[PDB]
Amino acid sequence: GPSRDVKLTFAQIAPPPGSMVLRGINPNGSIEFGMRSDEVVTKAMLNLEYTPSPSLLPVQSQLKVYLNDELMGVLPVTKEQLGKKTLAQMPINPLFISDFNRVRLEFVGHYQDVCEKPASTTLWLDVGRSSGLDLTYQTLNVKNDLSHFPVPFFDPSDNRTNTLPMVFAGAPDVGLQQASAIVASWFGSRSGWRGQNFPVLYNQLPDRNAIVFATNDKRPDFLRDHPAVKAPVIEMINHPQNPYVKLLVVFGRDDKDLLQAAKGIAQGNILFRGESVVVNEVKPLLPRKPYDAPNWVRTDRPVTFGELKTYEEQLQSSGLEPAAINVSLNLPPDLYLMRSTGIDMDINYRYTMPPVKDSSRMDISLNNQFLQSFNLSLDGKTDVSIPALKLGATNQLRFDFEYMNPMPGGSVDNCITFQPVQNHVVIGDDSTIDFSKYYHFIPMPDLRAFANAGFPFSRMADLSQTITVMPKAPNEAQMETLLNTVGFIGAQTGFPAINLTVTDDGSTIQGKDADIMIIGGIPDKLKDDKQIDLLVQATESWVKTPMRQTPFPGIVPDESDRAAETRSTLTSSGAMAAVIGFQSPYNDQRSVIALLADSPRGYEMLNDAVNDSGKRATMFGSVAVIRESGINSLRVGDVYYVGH
Amino acid sequence: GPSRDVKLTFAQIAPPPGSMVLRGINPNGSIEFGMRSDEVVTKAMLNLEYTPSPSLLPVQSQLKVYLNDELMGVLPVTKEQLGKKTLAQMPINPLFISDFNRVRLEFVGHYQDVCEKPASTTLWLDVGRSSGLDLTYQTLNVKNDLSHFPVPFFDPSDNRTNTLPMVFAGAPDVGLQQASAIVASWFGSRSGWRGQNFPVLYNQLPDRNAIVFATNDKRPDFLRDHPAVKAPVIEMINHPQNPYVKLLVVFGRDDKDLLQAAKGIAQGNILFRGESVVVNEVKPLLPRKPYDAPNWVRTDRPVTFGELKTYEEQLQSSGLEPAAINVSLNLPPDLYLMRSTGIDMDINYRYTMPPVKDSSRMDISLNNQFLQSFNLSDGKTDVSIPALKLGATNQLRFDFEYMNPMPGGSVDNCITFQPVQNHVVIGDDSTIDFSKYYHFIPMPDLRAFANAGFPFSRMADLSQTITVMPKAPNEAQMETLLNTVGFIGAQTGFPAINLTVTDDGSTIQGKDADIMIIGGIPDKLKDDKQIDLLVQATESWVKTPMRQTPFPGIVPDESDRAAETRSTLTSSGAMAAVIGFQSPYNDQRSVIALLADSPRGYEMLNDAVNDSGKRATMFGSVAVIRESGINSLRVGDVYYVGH
């Protein structure tokens, strides 16, 4: 079977800073990696480029490698490697590996053997960011059972961006488009932060796990002599060229049957069994609530920290120096602070009584911004008022415990020291955080929330109040960008779009209360609003520039730094994509976000910018222009507030 | 491609104390540099001529060399070189170099082993300012794509002056002059504090990247083969001799199309695509308000610290000794307060609560001068800044001075530990009022012009600004015009797009706008009243204002600033005269004249206007720039601008 040779380095598995330093207080460095439970590793090796300390002793210092609680090897320090950068090759036995492994490097060092100062900064060993673990994956044969779903298509263990191409049969219909969008949104919600890309190709066949859409009419070229189905059925067959890649052929009589199948897949994914699964009836019971997403916190009532734990071992730490506890809480980017009172949180922290009252403080930080420090000299219910002014869509709350332990040293001749004792730190699980007093009222025309959270469309979980307009007979690129943006919206939230509406005519939205989404060409029905700032055409394009451009604006905007100063029009022969956001001419409380290109290369740029989270989270303002030189954003046009 | 050896001394890249000392509380010494993004660094080595402390332990004390959090090598101190001067060269791996690199040196020291105490002045390692980085840049070939604009001409990762020569077609008319001035203003505004220089050549291709201006009738050299165009196009072609340098060719049917192309390049440059960009329609919607410049602070509303960061972690610090938090305020030089109460600001600082009140404080200072102090024993303090040094640019520095009352045990039992760090943060919500001021100042001086360009930069777009130029100017006068326009544009944050370049004095008669004389003073001017330093290329006369006292009062006096003697003399050298006076047509408008007597004088004037060290030392109403520097004096009548 096929076997790839991936060589992951130390710059994408190690902490953000990269090169880690192994001191005496934190001598453990862990890097995590896993396989998709289908491919088997072979010929795995670890290359370490470390530079020991010139002070530590040669033989009494060593670097231990632990794959999973098993010492794979021990590299000692020699007299020549005392202060020189040395390359060490460590073999990794491909037998103790599992679905998820954490290679842990532990460094022990001793510079003095008589009166060594524990936790001294003279001893250190830092691995280089050029290190890497080279391992080859070999693909095995899948059992071909729909019970394991979506394991063969999408495995949550893989950290690489999910690549799931969808193959239509050319010129999708109205129902087929919305069903494919539902499936893509479900896959994006299943993926999450991993990032998802759906390369769509018509009447072709890739060499990767794909999804084949069939409706008993306009079937792909290779779905020949297949019997018609009475009800929507989902069958998992193999590729005819090679049996080492599994497809997903969804069937149905008409577009409505395929939509029912997609709804059953997105919702009833827990009843999948065997190989073929027939859907017969799917009906809801009650609608969803606004601003209610599984990934977003509950703003209606205070939520405990127990509902904000990714793993059970998040709210506890140990060791000579207790590490900082980091918690993530996603919330909608509509929190507007009116009374400047902030949020009130009660932290029920339990700590260790220090030997002396030396103020082993504890600090709370929000996005690397110190909020307040509490003395430490044992649960305490403190009412912490957070002066929150930069609460966006995603943040990170850090509780650090700066422990300083005085150790009796004695005198010059009477050198006596004590080894450090480990301190246990735990945050109270009953601790709560309140977000009820925060209101929902913000400037609408900004798309920073759209790129970070998708707020304009993600008002409700199932996207009921959203209408996406598509051009007649879409090509590959238009459907590709549609699927990509729908999957991104679904991943930013926690629930897929089940009640989304797709239309091919631009006059069908006249008189409806919904958020309009333009994917291809802006229809002439609403193009006359003139609030659309940047328009991309075959070769011409005109943009409007504001009066003042500030890198960091204030909390409340002003009508003086957003008015269009000059309008510049020009034409060229290059590629350029545009992301614009304006007010709908049919309602004063809804918005329209349009992603538009002109050429296939522009669509490719738009897809590369939307799929990747590095280039997408760097846009703000009202308008964004994506070109070969990345993406440039500007805040032009009048501002209109949304909310109450 | 050509290789240029570069030696960056430690003086021009480190903070301006000259040298850096690495103590036990501040062992981090940082050095920032950048890469042009179109060149690759090869054979980079770091030299260090440092002195350690003699009380250091030889093996248990070393220094690191981190390049973007990557240890290139560690240097220990041997017993023989414990107190002596130590020179060491370390090879730097060019693979980890990026657009903006920060080399941080960390020093670890241990003078004792059983009872060593931090914050002690017995252990130290100081690097002299004789060291520097030795690296050889190697240019590459860009993709010739206009989407990366103005990347090949101006990179935000550079630190040296941006020399951008502009090749015209010879004897440019008013339209070409105005277009070149607009382009130079835009480039200077994009550059900013990096320094701007715009040499001009006629039918001479330069070595560096340049901009070519064409008209389809007076075609310059090496462009006769290019076919005629139907509309103003912007194309970036390669230099025929050496392709590693790029030239920006601007075409147009006539001067009006060239001006339109320049206006489009200035404003509509965010959507350049591929190559040969055709600009057709560039029209404005509404005019610009006075005192509306991006770099200058907004006076219509109270301004917060969020709009004055220009950074990400400027309002916060950490470590044992929290570094000072500096915020720069760029105010216009036209500010007058009769109430004399001073501007009030609402500081919302917060800090780490120390264990016991030990008189740890925070000092707020302005222009490197102590202003106020607050004890740390989390607030909305109203601080009234006395307006005594508020000029055109300043620096507001909050320095959190701490001292930790850490115990040390008894004489027979000394305790050991590691000192804890403390974080400080101001918060991007502290506002400062600036609407309680008026715009009324006596303006015969040149300090506001040299520092901010006030009389001409009242409107960021230079709408009411008339610059005269001689008939068929040479390279020197055009260079002077381009340089002064670029400087005015860089002091502000908006390109001068609506400036008016004229050639005859008939347009000056009956027009409400400031005057900028470059070539020479016209006949209607230089009436020998309120005008000094008339240089007829042979002799010159200067007036002494009866007194020359450094550091005058805030409000100037009229008894001292009065002409006493008119000394006339003929010489054989070269001089440049900067003269500021009042226009006879309008009382509010003013006339600034930058003139020279000889080509060497024009060169000295261009050099003075280009740099910034010799420009900040210019004040008064008259400035004479000779081969021995610039000397200024305040003479003439006083006229007030403002209501």
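Protein chains in written order, with the deposited numbering: chain I, 68 to 444, 463 to 729; chain H, 68 to 444, 464 to 729. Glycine included, C-beta positions come from ideal geometry on N, C-alpha and C.
A Cβ of chain H is located within less than 8 Å of the beta carbon of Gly85/I. In terms of Cα proximity to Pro400/I, the closest of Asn114/I, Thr366/I, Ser122/I and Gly605/I is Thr366/I. Among the residues of chain H, none has a CB under 7 Å from the CB of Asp547/I; the nearest is roughly 37 Å distant. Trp627/I is bridged by DSSP to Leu620/I and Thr654/I. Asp413/H and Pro608/H have their alpha carbons spaced roughly 52 Å apart. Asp212/H belongs to the set of residues whose beta carbon lies under 8 Å from a beta carbon in chain I. Taking a cut-off of 8 Å for Cβ pairs, the region 542-556 of chain H and the region 599-616 of chain H touch, as three or more such pairs fall below it.
A straight-line Cα-Cα distance of about 29 Å links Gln156/H and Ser187/H. Here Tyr688/H carries a helix assignment [DSSP, helix/strand/coil]. At a cut-off of 8 Å between beta-carbon atoms, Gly539/H makes no contact with chain I. Chain order gives the chain H residues near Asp193/I as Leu138, where near means a beta carbon separation below 8 Å. Rounded to the nearest angstrom, the Cβ distance from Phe526/H to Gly706/H is 20 Å, too far for a contact under 8 Å. The beta carbon of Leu138/I lies closer than 8 Å to those of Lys131 and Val132 in the same chain, with the five residues before and after it left out. With respect to chain H, the C-beta atom of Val664/I has no partner C-beta closer than 8 Å. Of the candidates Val316/H, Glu374/H and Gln308/H, the residue whose Cα lies closest to the Cα of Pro299/H is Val316/H. Under the 8 Å criterion on CB atoms, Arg320/I is classed as non-interfacial with respect to chain H. Within chain I, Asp643 have C-beta atoms less than 8 Å from the C-beta of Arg368/H, given in sequence order. DSSP places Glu565/H inside the alpha helix (DSSP H), whose first and last residues are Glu561 to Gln577.
DSSP lists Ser440/I and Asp485/I as the bridge partner or partners of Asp430/I.
Chain-ordered, the chain H residues with CB closer than 8 Å to the CB of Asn490/I read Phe503. For the pair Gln668/I and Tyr725/I, the CB atoms are nearer than the 8 Å cut-off. Distance from the CA of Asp600/H to the CA of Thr635/I, rounded to the nearest whole angstrom, comes to 29 Å. By the criterion of at least three beta-carbon pairs nearer than 8 Å, the region 249-262 of chain H is not in contact with the region 342-352 of chain H. Taking the beta carbon of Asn717/I as reference, the chain H residues within 9 Å of it are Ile337 and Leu338, listed in sequence order.
Using a 10 angstroms sphere on the CB of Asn508/H, the tally of other CB atoms reaches 16 or more, which defines it as buried. Under a 10 Å Cβ-count criterion, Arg647/I is classified as buried, with 16 or more other Cβ atoms of the shown protein chains found around its own Cβ. Exclusion of the five residues before and after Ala236/I leaves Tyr269, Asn270, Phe280, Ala281, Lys285, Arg286 and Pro287 as the residues of its chain whose Cβ lies within less than 8 Å of its Cβ.
Rounded to whole angstroms, the separation of the alpha carbons of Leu585/I and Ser258/I is 20 Å.
For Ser384/I, not one C-beta of chain H is nearer than 8 Å to its own C-beta. Fully contained in the region 245-277 of chain H is no alpha helix (DSSP H) run of length 4 or more. For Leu325/I, the enclosing alpha helix (DSSP H) has its first and last residue at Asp322 to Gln334. The Cβ of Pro528/I sits no closer than 8 Å to any Cβ of chain H. Note on the region 510-537 of chain H: whole alpha helix (DSSP H) runs with a minimum of 4 residues are 533-537, in chain order. Contact annotation, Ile678/H with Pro541/H: C-beta distance approximately 6 Å; criterion of less than 8 Å satisfied.
The three-state reading of DSSP puts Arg701/I in helix, counting H, G and I together. Sorting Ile501/H, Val510/H and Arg71/H by C-alpha distance to the C-alpha of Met420/H places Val510/H at the top.
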